[PDB]
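As structure tokens, the structure follows; a few thoughts come after it.
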Amino acid sequence: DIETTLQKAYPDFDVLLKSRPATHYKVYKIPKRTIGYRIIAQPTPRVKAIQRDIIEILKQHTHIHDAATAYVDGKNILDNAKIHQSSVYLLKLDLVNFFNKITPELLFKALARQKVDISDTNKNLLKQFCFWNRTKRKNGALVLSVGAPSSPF
DNA sequence: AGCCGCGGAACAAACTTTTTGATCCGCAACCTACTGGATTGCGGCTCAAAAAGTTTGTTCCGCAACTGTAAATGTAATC
């Protein structure tokens with residue numbers, strides 16, 4: 001249900017398909033409060049609209065498990081601590097490779113386990129319009145970027 | 001996600017500084033007067049030889065910031 005409605009709005013999907021839209025990413029760096037520089041790659045002002053639309057399309061047939069207050073609608077940071085108020089101890093994990101190592105190979109099989117079917121052309125569309133190429137070269141390695149509007153879901 | 005020059009390193013032949021195992025030669029001893037044989041013996045001193053201790057020329061190992069079309073965004077706070 002992605003390729004069917006892709007050309008309905010802004011019928012320019014014929015172009016920008018072969019012109020490496022994943023490359024359309026600006027890289028800057030924000031200073032942390034302490035040691036560290038955070039690289040952020042965000043799409044051009046045009047790609048974010050397409051990514052938001054495809055997020056809305058994807059949300060039609062998905063389910064997100066509870067106890068994961070990670071960017072779900074109407075759930076601020078307070079409910080994260082509301083569950084944890086009655087405890088006495090805590091063990092805080094912190095995952096490494098912040099969103100920059102989630103390859104597209106690990107999303108299609110995740111959806112397959114999720115029991116949702118996706119077309120091969122739709123799979124190519126997902127791989128091409130919702131990821132970032134750091135090497136900026138053809139047939140490169142695709143990694144999710146911290147900053148894309150499609151990163152949370 | 002790829003891998004620049006830089007500098008230690010893991011090895012490995014050459015120098016190089018002593019550990020050892022004889023050989024010697026005064027050197028006081030016998031013996032008796034004194035070179036006594038036709039003698040031993042005994043302790044410093046020196047000898048290369050070789051098992052130990054550096055020293056130096058070569059070969060891989062590792063690692064950083066960002067990449068070719070590309071966002072200035074009123075306030076606070078999250079990954």
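Chain labels follow the order of the structure tokens: the first chain is A, the next B, and so on; residue numbering restarts at 1 in every chain, and ligands are counted from 1 in their shown order.
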
- [ ] Name the residues of region 22-78 of chain A that fall into strand (DSSP E or B) according to DSSP on the backbone, using the chain letters and numbers of this document, as a PyMOL selection string.
- [x] chain A and resi 25-31+37-43

Open item on the list: Env of region 64-68 of chain A: 10 Å cut, atoms = only C-alpha atoms (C1' of nucleotides), seq-sep filter 2 positions within chain, self excluded. Answer as a PyMOL selection string.
Closed with: chain A and resi 59+62+70-72+75+79-80+83+114+153

- [ ] When you get a sec, could you note down which chain B residues fall within 10 Å of chain A, using only C-alpha atoms (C1' of nucleotides), as a PyMOL selection string?
- [x] chain B and resi 1-2+66-71+77-79

Export of the given selection (N, CA and C atoms (P, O5', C5', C4', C3', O3' and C1' of nucleotides)) as a compact mmCIF listing (two decimals), in the first residue's frame:
```txt
# COMPACT_ATOMS: atom_id res chain seq x y z
P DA B 1 28.55 -2.75 9.87
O5' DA B 1 29.39 -2.23 8.61
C5' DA B 1 29.28 -0.87 8.19
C4' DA B 1 30.31 -0.55 7.12
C3' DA B 1 31.75 -0.46 7.62
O3' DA B 1 32.44 -1.71 7.40
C1' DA B 1 31.13 1.60 6.67
P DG B 2 33.03 -2.12 5.95
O5' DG B 2 34.39 -1.29 5.83
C5' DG B 2 35.27 -1.54 4.74
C4' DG B 2 35.92 -0.26 4.25
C3' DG B 2 37.37 -0.07 4.67
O3' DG B 2 38.26 -0.57 3.64
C1' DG B 2 36.09 1.98 4.68
P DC B 66 35.48 16.04 10.64
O5' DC B 66 34.23 15.28 10.00
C5' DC B 66 33.85 15.54 8.65
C4' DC B 66 34.06 14.30 7.79
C3' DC B 66 32.84 13.88 6.99
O3' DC B 66 32.87 14.49 5.71
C1' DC B 66 34.08 12.00 7.90
P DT B 67 31.83 15.65 5.34
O5' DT B 67 32.00 15.84 3.76
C5' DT B 67 31.44 14.89 2.86
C4' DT B 67 32.49 13.88 2.42
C3' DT B 67 32.14 13.08 1.17
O3' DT B 67 33.27 12.96 0.32
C1' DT B 67 32.58 11.61 2.97
P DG B 68 33.15 13.25 -1.25
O5' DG B 68 31.67 13.82 -1.44
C5' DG B 68 31.45 15.22 -1.61
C4' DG B 68 30.48 15.49 -2.74
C3' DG B 68 29.00 15.50 -2.35
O3' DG B 68 28.35 16.64 -2.90
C1' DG B 68 29.35 14.08 -4.19
P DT B 69 27.19 17.39 -2.08
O5' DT B 69 26.41 18.22 -3.20
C5' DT B 69 25.85 17.55 -4.32
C4' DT B 69 24.68 18.34 -4.89
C3' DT B 69 23.60 18.70 -3.88
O3' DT B 69 22.93 19.88 -4.29
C1' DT B 69 22.72 17.19 -5.45
P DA B 70 22.31 20.87 -3.19
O5' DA B 70 21.44 19.92 -2.26
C5' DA B 70 20.85 20.42 -1.07
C4' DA B 70 20.71 19.32 -0.03
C3' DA B 70 20.87 19.77 1.41
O3' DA B 70 19.60 20.08 1.96
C1' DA B 70 22.38 18.01 0.97
P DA B 71 19.38 21.45 2.77
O5' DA B 71 19.40 21.00 4.30
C5' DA B 71 20.46 21.43 5.16
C4' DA B 71 20.06 22.69 5.90
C3' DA B 71 20.16 22.59 7.43
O3' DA B 71 21.22 23.45 7.95
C1' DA B 71 18.08 23.57 6.74
P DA B 77 16.53 22.22 30.01
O5' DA B 77 15.80 20.83 29.68
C5' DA B 77 14.90 20.26 30.62
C4' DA B 77 14.49 18.87 30.18
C3' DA B 77 15.55 18.09 29.42
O3' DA B 77 16.21 17.20 30.32
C1' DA B 77 13.52 18.20 28.14
P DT B 78 17.13 16.00 29.77
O5' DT B 78 16.09 14.82 29.48
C5' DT B 78 16.55 13.57 29.02
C4' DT B 78 15.47 12.86 28.24
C3' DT B 78 15.96 12.16 26.98
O3' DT B 78 16.42 10.86 27.31
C1' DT B 78 14.00 13.43 26.51
P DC B 79 17.98 10.61 27.61
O5' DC B 79 18.39 9.50 26.53
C5' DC B 79 17.72 8.26 26.51
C4' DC B 79 17.31 7.89 25.10
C3' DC B 79 18.47 7.57 24.16
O3' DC B 79 18.19 6.40 23.41
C1' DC B 79 17.12 9.27 23.23
```

- [ ] Run DSSP on the backbone of this structure and report the residues of region 5-138 of chain A it assigns to helix (DSSP H, G or I), as a ChimeraX atom specification.
- [x] /A:5-6,21-23,47-61,78-83,105-113,120-129

Those same residues - N, CA and C atoms - I'd like them written as a CSV table (one decimal), in the first residue's frame.
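Listed below is the output, selection.csv:
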```csv
chain,number,residue,atom,x,y,z
A,5,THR,N,-0.1,4.5,-3.4
A,5,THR,CA,-0.4,5.8,-3.0
A,5,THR,C,0.8,6.7,-3.1
A,6,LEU,N,2.0,6.3,-3.6
A,6,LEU,CA,3.2,7.1,-3.6
A,6,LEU,C,3.1,8.3,-4.6
A,21,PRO,N,17.9,8.8,-3.3
A,21,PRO,CA,17.3,9.7,-2.3
A,21,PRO,C,17.9,9.5,-0.9
A,22,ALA,N,18.4,8.3,-0.6
A,22,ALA,CA,19.1,8.1,0.7
A,22,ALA,C,20.3,9.0,0.8
A,23,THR,N,20.9,9.4,-0.3
A,23,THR,CA,22.1,10.3,-0.2
A,23,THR,C,21.6,11.7,0.2
A,47,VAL,N,12.2,15.3,1.4
A,47,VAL,CA,12.2,13.9,1.8
A,47,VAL,C,11.4,13.7,3.1
A,48,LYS,N,11.4,14.6,4.0
A,48,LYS,CA,10.7,14.5,5.3
A,48,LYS,C,9.2,14.3,5.1
A,49,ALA,N,8.7,15.0,4.1
A,49,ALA,CA,7.2,14.9,3.8
A,49,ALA,C,6.9,13.4,3.4
A,50,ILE,N,7.7,12.9,2.5
A,50,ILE,CA,7.5,11.5,2.0
A,50,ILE,C,7.7,10.5,3.2
A,51,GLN,N,8.7,10.8,4.0
A,51,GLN,CA,8.9,9.9,5.1
A,51,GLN,C,7.8,9.9,6.1
A,52,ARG,N,7.2,11.1,6.4
A,52,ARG,CA,6.1,11.2,7.3
A,52,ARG,C,4.9,10.5,6.7
A,53,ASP,N,4.6,10.7,5.4
A,53,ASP,CA,3.5,10.0,4.8
A,53,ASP,C,3.7,8.5,4.9
A,54,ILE,N,4.9,8.0,4.6
A,54,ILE,CA,5.1,6.5,4.7
A,54,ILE,C,5.0,6.0,6.1
A,55,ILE,N,5.4,6.8,7.1
A,55,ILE,CA,5.1,6.5,8.5
A,55,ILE,C,3.6,6.3,8.7
A,56,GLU,N,2.8,7.3,8.3
A,56,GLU,CA,1.4,7.2,8.5
A,56,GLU,C,0.8,6.0,7.8
A,57,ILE,N,1.3,5.7,6.6
A,57,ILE,CA,0.8,4.5,5.9
A,57,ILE,C,1.2,3.2,6.6
A,58,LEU,N,2.4,3.2,7.2
A,58,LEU,CA,2.9,2.0,7.9
A,58,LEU,C,2.1,1.8,9.2
A,59,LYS,N,1.7,2.9,9.9
A,59,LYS,CA,1.0,2.8,11.1
A,59,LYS,C,-0.4,2.2,10.9
A,60,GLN,N,-0.9,2.1,9.7
A,60,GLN,CA,-2.2,1.5,9.5
A,60,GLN,C,-2.2,0.0,9.9
A,61,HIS,N,-1.2,-0.8,9.6
A,61,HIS,CA,-1.1,-2.2,9.9
A,61,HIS,C,0.2,-2.4,10.6
A,78,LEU,N,6.9,11.2,31.6
A,78,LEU,CA,6.5,10.9,33.0
A,78,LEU,C,6.0,9.5,33.1
A,79,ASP,N,5.2,8.9,32.2
A,79,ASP,CA,4.8,7.6,32.3
A,79,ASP,C,5.9,6.6,32.4
A,80,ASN,N,7.1,6.9,31.9
A,80,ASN,CA,8.3,6.1,32.0
A,80,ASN,C,8.6,6.0,33.5
A,81,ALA,N,8.6,7.0,34.3
A,81,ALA,CA,8.9,7.0,35.7
A,81,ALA,C,7.7,6.6,36.5
A,82,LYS,N,6.5,6.7,36.0
A,82,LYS,CA,5.3,6.2,36.7
A,82,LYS,C,5.3,4.8,37.0
A,83,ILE,N,5.7,4.0,36.0
A,83,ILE,CA,5.8,2.5,36.2
A,83,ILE,C,6.9,2.2,37.3
A,105,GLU,N,18.4,-4.8,6.7
A,105,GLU,CA,18.2,-6.2,6.7
A,105,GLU,C,17.4,-6.7,8.0
A,106,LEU,N,17.5,-5.9,9.1
A,106,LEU,CA,16.9,-6.2,10.3
A,106,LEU,C,15.5,-5.7,10.5
A,107,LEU,N,15.0,-5.0,9.5
A,107,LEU,CA,13.6,-4.5,9.6
A,107,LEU,C,12.6,-5.4,8.8
A,108,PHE,N,13.1,-5.8,7.6
A,108,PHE,CA,12.2,-6.7,6.8
A,108,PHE,C,11.9,-8.0,7.5
A,109,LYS,N,12.9,-8.6,8.1
A,109,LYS,CA,12.7,-9.9,8.9
A,109,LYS,C,11.9,-9.6,10.1
A,110,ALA,N,12.1,-8.4,10.7
A,110,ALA,CA,11.3,-8.0,11.9
A,110,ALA,C,9.8,-7.9,11.5
A,111,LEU,N,9.5,-7.3,10.4
A,111,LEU,CA,8.2,-7.3,9.9
A,111,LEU,C,7.6,-8.7,9.5
A,112,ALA,N,8.5,-9.5,9.0
A,112,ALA,CA,8.1,-10.9,8.7
A,112,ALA,C,7.7,-11.6,10.0
A,113,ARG,N,8.4,-11.5,11.1
A,113,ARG,CA,8.0,-12.0,12.4
A,113,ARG,C,6.8,-11.3,12.9
A,120,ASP,N,7.9,-6.7,-3.0
A,120,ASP,CA,9.3,-6.6,-3.3
A,120,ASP,C,9.6,-5.2,-3.8
A,121,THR,N,8.8,-4.6,-4.6
A,121,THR,CA,9.0,-3.2,-5.0
A,121,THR,C,8.8,-2.3,-3.8
A,122,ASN,N,7.8,-2.6,-2.9
A,122,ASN,CA,7.6,-1.9,-1.7
A,122,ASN,C,8.8,-2.0,-0.8
A,123,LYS,N,9.4,-3.2,-0.8
A,123,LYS,CA,10.6,-3.4,0.0
A,123,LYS,C,11.7,-2.6,-0.5
A,124,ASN,N,11.9,-2.5,-1.8
A,124,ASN,CA,12.9,-1.6,-2.3
A,124,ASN,C,12.6,-0.1,-2.0
A,125,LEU,N,11.3,0.3,-2.0
A,125,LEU,CA,11.0,1.6,-1.6
A,125,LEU,C,11.3,1.9,-0.2
A,126,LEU,N,11.0,1.0,0.7
A,126,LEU,CA,11.4,1.1,2.1
A,126,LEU,C,12.9,1.2,2.3
A,127,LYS,N,13.6,0.4,1.6
A,127,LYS,CA,15.1,0.4,1.7
A,127,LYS,C,15.7,1.7,1.2
A,128,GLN,N,15.1,2.3,0.2
A,128,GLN,CA,15.7,3.4,-0.5
A,128,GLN,C,15.3,4.8,0.1
A,129,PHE,N,14.0,4.9,0.6
A,129,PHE,CA,13.5,6.2,1.0
A,129,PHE,C,13.5,6.4,2.5
```

Open item on the list: Just to confirm, what's the straight-line distance from CA of residue 7 (chain A) to CA of residue 130 (chain A) in Å (one decimal)?
Closed with: 16.7 Å
